[PDB]
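Below: one structure, written as structure tokens.
Ideal geometry is used to build each Cβ from the backbone, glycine not excepted, and the neighbour counts take in all protein chains shown. Basis: the model, the stated rules and, where named, an outside source; no laboratory instrument gave them.
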Amino acid sequence: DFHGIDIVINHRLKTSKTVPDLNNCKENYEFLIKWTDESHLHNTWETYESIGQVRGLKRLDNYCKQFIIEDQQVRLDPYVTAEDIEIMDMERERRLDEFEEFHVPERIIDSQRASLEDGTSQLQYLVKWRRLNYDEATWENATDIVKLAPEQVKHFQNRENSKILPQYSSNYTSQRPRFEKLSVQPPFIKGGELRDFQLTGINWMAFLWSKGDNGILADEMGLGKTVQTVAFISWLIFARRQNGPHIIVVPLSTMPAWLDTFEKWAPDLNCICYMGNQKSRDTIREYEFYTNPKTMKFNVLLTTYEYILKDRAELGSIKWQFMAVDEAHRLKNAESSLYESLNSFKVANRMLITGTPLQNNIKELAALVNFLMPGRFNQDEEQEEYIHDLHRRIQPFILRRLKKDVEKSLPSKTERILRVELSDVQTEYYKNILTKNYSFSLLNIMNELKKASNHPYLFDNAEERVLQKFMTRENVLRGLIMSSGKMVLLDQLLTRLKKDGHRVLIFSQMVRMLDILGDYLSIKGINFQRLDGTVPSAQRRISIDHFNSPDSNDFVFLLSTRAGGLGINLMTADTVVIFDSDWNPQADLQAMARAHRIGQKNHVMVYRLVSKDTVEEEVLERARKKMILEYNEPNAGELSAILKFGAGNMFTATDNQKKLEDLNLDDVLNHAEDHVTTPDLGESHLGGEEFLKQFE
Ligand SMILES: Nc1ncnc2c1ncn2[C@@H]1O[C@H](COP(=O)(O)OP(=O)(O)OP(O)(O)=S)[C@@H](O)[C@H]1O
């Protein structure tokens with residue numbers, strides 16, 4: 001009824017200036033439109049006079065006002081950094097990449113053929129839109145859905161036959177099946193792999209079920225503990241044929257995650273997301289059960305804690321088999337309505353997830369245990385043994401492994417901090433920049449130093465000034481390398497590891513700096529490409545695929561640090577360089593794990609570069625010290641400190657050059673620090689005393 005403009009997605013050029021005004025827009029562009037009373041396949045490429053009179057029309061103009069005009073305007077400002085731009089760029093991307101998800105269908109809810117205004121009737125569905133929500137799902141024409149979304153359809157019909165429905169569940173009376181052991185991953189888990197330590201995992205949760213005991217998965221974060229739940233569900237269903245209704249509780253941050261993981265490793269499963277509190281609640285009830293006013297038609301549902309109260313009412317009275325919960329450090333508390341309402345639930349079983357063993361908590365120690373098993377349990381010496389007893393007293397219910405325990409299983413790596421002097425040049429630059437000041441601005445001041453520390457060429461007269469020796473090309477490198485602490489080092493670092501054929505990644509904050517290496521490499525004659533927000537998706541894939549080319553001649557590959565946070569896999573490199581790092585260390589690890597990507601085949605060597613007695617190390621010693629408190633810019637406040645000395649202890653220039661002069665790679669590397677980035681993780685709880693018996 002209310003027909004016209006839901007929202008405006010995009011725009012472009014046509015069939016043939018730089019600061020445009022509305023009129024330009026109006027005249028040179030077609031625009032993308034989700035119409036109201038519609039959905040995202042029904043987006044059209046229209047122009048002003050191709051659409052005409054339509055309700056809430058202004059809200060289109062408003063798009064130009066911001067996304068063409070005032071965006072394009074804003075860029076001009078010379079204080080807008082290059083760095084700044086690529087953000088604005090990666091930004092468009094991110095937005096329009098979300099929209100691309102709304103004509104990707106993920107479920108189907110009702111085969112219900114609709115009569116049409118002829119005498120004709122087509123089979124129309126009822127489509128759940130990915131990244132979208134339960135409110136706002138649309139009936140759409142079968143005929144073309146299917147030729148777009150075969151499986152989710154294929155799934156649909158099966159979705160009410162599926163052998164694995166909930167009531168075909170086998171319910172163990174006096175007894176319950178023998179504990180067993182699976183030395184190889186059972187076919188019915190169809191995703192891909194799972195390193196032995198994965199198997200071992202499921203085995204454990206398994207064996208435990210076949211004791212009637214629930215346990216806790218606390219292996220250090222990012223460690224597969226999702227796949228390890230997913231898988232272990234497949235088992236409950238497909239291996240103890242009981243699979244009534246299952247429920248996993250999740251961080252809203254990561255449910256988009258789980259969902260993929262499911263239709264990756266347990267594709268055949270019928271699992272249900274719980275997003276929306278309003279029109280969802282009501283929508284879902286029309287999907288969850290069977291058509292009658294108590295057949296639950298779904299294998300697995302998933303939520304945020306949120307809906308465990310807004311909807312404890314309905315959910316409370318549901319007969320549940322298995323319950324897990326991710327990043328559930330969240331439930332140390334015994335009053336928090338999670339607890340009170342999760343015990344308000346009917347569960348045969350509990351797996352629990354956290355990346356942590358308890359220390360302090362005595363009451364937490366209780367609340368967690370007393371949650372998953374309602375049947376458990378002075379001078380400071382006496383509260384110290386009690387916590388220590390009840391420590392071991394629950395060894396059997398814990399699984400905890402760390403990096404080192406699965407080093408055999410995984411692409412090990414190695415973070416080294418190579419710290420260099422500043423070139424005689426750099427020194428003097430720094431040192432002068434200092435002079436000028438202390439007389440939000442502090443920022444560029446930081447920047448100038450940051451720049452100085454990386455390379456003098458970032459600055460304007462630099463190169464011109466350096467080479468007062470006229471104009472030769474050998475020389476152009478000669479000064480280009482040697483005026484820079486980092487470069488000098490790096491120079492023979494490549495030289496050397498490019499003798500060992502190490503395929504090499506390099507990141508920086510400063511795209512300008514990238515340019516400069518960009519220079520370096522072409523002069524030296526080395527193959528590579530460059531990346532960052534500037535190059536459009538379309539492009540990227542090609543600078544990428546050429547590096548990962550079956551036997552490519554690219555033997556290095558430049559990137560923005562922010563480029564990293566992308567989603568881009570370059571395992572074809574065995575070695576990462578951080579030229580310089582962020583307020584945020586994670587930004588560096590994102591970028592790291594573009595070759596630390598859990599389908600890596602080498603040992604990954606990671607060199608973080610810092611210049612000695614520079615502000616640089618304060619930024620990095622900051623990084624760690626935050627990025628230990630775990631599981632994007634320095635404060636103006638704190639910033640005062642970080643700058644306000646490092647200045648006269650910054651020694652000679654000609655000294656520093658002397659150092660650089662006959663610097664030796666090896667020493668630098670055998671002197672190299674280590675970047676310590678993990679609270680001592682505690683000890684490995686490698687399984688339950690019992691279980692262990694059954695494996696050897
Ligand atoms: N066998 C596997 N094959 C391929 N990818 C895997 C495997 N196991 C884990 N992963 C991936 O490793 C990445 C990080 O693992 P996650 O399962 O998200 O970590 P996690 O231990 O669940 O962390 P949480 O949920 O915060 S405690 C994910 O992209 C997983 O899909």
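Return the residue satisfying two criteria in turn: it lies in region 312-326 and is part of a loop (DSSP other than H, G, I, E, B) and away from the ligand (no atom under 16 Å from the Cβ), and of such residues it is surrounded by the most Cβ atoms within 10 Å (Cβ to Cβ). The selected residue is 318. Of all the numbered requirements in (1) crowded, with 18+ Cβ neighbours inside 10 Å; (2) within 16 Å of the ligand (Cβ to nearest atom), residue 304 misses one, and that requirement is (1). Of the residues contained in region 425-448, none is found to be assigned by CATH to the domain that holds residue 486, closer than 30 Å to residue 602 by Cα and among the basic types (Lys, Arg). Is region 194-207 home to any residue that is assigned by CATH to the domain that holds residue 291, surrounded by 13 or more Cβ atoms within 10 Å (Cβ to Cβ) and over 31 Å from the mean Cα position of the chain (by Cα)? Yes, region 194-207 contains at least one residue that is assigned by CATH to the domain that holds residue 291, surrounded by 13 or more Cβ atoms within 10 Å (Cβ to Cβ) and over 31 Å from the mean Cα position of the chain (by Cα). Residues in region 256-301 that are basic (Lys, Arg) and either more than 23 Å from the chain's Cα centre (by Cα) or over 20 Å from residue 224 (Cα atoms) (or both): 279, 281, 285, 294, 297.
Each row is one residue, and each column tells you yes or no for (1) polar (S, T, N, Q); (2) crowded, with 18+ Cβ neighbours inside 10 Å.
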{"site": "211", "(1), (2)": "no, no"}
{"site": "218", "(1), (2)": "no, yes"}
{"site": "227", "(1), (2)": "no, yes"}
{"site": "234", "(1), (2)": "yes, yes"}
{"site": "243", "(1), (2)": "yes, yes"}
{"site": "251", "(1), (2)": "no, no"}
{"site": "255", "(1), (2)": "no, yes"}
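Determine whether residue 569 is within 22 Å of residue 440 (Cβ to Cβ) and either among the polar types (S, T, N, Q) or within 16 Å of the ligand (Cβ to nearest atom) (or both). Judged against the criteria, residue 569 is not a match.
Of the residues that sit in region 572-597 and are among the acidic types (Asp, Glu) and under 16 Å from residue 513 (Cα atoms), which one is nearest to the ligand (Cβ to nearest atom)?
Of all residues in region 572-597, those among the acidic types (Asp, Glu) come to 574, 580, 582, 588.
Checking the rest, the ones that are also under 16 Å from residue 513 (Cα atoms) come to 580, 582.
Working: 580: 26, 582: 21 Å.
Residue satisfying both the conditions and the ranking: 582.
Quick check, is residue 154 among the basic types (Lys, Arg), in a loop (DSSP other than H, G, I, E, B) and exposed (fewer than 13 other Cβ atoms within 10 Å of the Cβ)? Spelling it out, it is not the case that residue 154 is among the basic types (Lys, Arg), in a loop (DSSP other than H, G, I, E, B) and exposed (fewer than 13 other Cβ atoms within 10 Å of the Cβ).
Whether any residue in region 345-353 is in contact with a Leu (Cβ under 7 Å, 6 or more places away or on another chain), of a type in the set (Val, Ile, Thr) and within 30 Å of residue 675 (Cβ to Cβ) is what I want to check. Break it down into steps so the answer makes sense when it comes.
Step one: list which residues in region 345-353 are in contact with a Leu (Cβ under 7 Å, 6 or more places away or on another chain), which gives 350-353.
So of that shortlist, the ones also of a type in the set (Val, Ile, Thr) come out as 353.
Filter once more, keeping what is within 30 Å of residue 675 (Cβ to Cβ): 353.
Checked against the condition, which is being in contact with a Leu (Cβ under 7 Å, 6 or more places away or on another chain), of a type in the set (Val, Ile, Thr) and within 30 Å of residue 675 (Cβ to Cβ), region 345-353 yields at least one hit.
Go through region 177-193 and give me each residue that's surrounded by fewer than 13 Cβ atoms within 10 Å (Cβ to Cβ), more than 24 Å from the chain's Cα centre (by Cα) and within 14 Å of the ligand (Cβ to nearest atom). 184 - this is the single residue of region 177-193 that is surrounded by fewer than 13 Cβ atoms within 10 Å (Cβ to Cβ), more than 24 Å from the chain's Cα centre (by Cα) and within 14 Å of the ligand (Cβ to nearest atom).
The helices (runs of 4 or more DSSP H) found entirely in region 598-694 that carry 1 or more residues being surrounded by 13 or more Cβ atoms within 10 Å (Cβ to Cβ), away from the ligand (no atom under 16 Å from the Cβ) and of a type in the set (D, E, K, R) are 615-626, 654-661, 689-693.
Before we move on, is residue 95 in contact with a strand residue (DSSP E or B) (Cβ under 8 Å, 6 or more places away or on another chain) and basic (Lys, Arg)?
No; evaluated as a whole, the condition is false for this residue.
When region 115-148 is filtered for residues that are polar (S, T, N, Q) and either surrounded by 13 or more Cβ atoms within 10 Å (Cβ to Cβ) or in a strand (DSSP E or B) (or both), the ones remaining, listed by number, are 115, 121, 122, 124, 133, 138, 141.
In region 327-359, which residue that is aliphatic (A, V, I, L, M) and within 16 Å of the ligand (Cβ to nearest atom) is surrounded by the most Cβ atoms within 10 Å (Cβ to Cβ)? Filtering region 327-359 for residues that are aliphatic (A, V, I, L, M) and within 16 Å of the ligand (Cβ to nearest atom), the one surrounded by the most Cβ atoms within 10 Å (Cβ to Cβ) comes out as 351. Only helices (runs of 4 or more DSSP H) whose full extent lies in region 211-292 are considered here, and the ones with at least 2 residues that are within 13 Å of the ligand (Cβ to nearest atom) and under 26 Å from residue 197 (Cβ atoms) are 227-240, 255-265.
Given the condition surrounded by 12 or more Cβ atoms within 10 Å (Cβ to Cβ) and under 28 Å from residue 94 (Cβ atoms), answer yes or no: does some residue in region 468-486 qualify?
At the first step, the residues of region 468-486 found to be surrounded by 12 or more Cβ atoms within 10 Å (Cβ to Cβ) are 475-486.
Right, trim to under 28 Å from residue 94 (Cβ atoms) and you get none.
Within region 468-486, not a single residue is surrounded by 12 or more Cβ atoms within 10 Å (Cβ to Cβ) and under 28 Å from residue 94 (Cβ atoms).
Residues in region 132-170 that are in contact with a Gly (Cβ under 8 Å, 6 or more places away or on another chain) and acidic (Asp, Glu): 135 alone. Taking each residue of region 26-50 that is at positive phi and looking for partners that are loosely packed, with under 14 Cβ neighbours inside 10 Å with beta-carbon atoms closer than 7 Å, six or more apart or interchain, yields 37/1; 37/2; 37/3.
Of all residue pairs spaced 6 or more apart or on separate chains, those with beta-carbon atoms under 8 Å, a first member in region 437-458 that is assigned to a helix (DSSP H, G or I) and a second member that is of a type in the set (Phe, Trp, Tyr) are 449/430; 451/459; 452/429; 452/430; 452/459; 453/430; 454/579; 456/429. Look at region 581-602: where a residue is under 20 Å from residue 412 (Cβ atoms) and of a type in the set (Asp, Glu) and a partner is away from the ligand (no atom under 13 Å from the Cβ) and part of a loop (DSSP other than H, G, I, E, B), sitting 6+ places away or on another chain with Cβ atoms under 7 Å, you get 588/581; 588/582.
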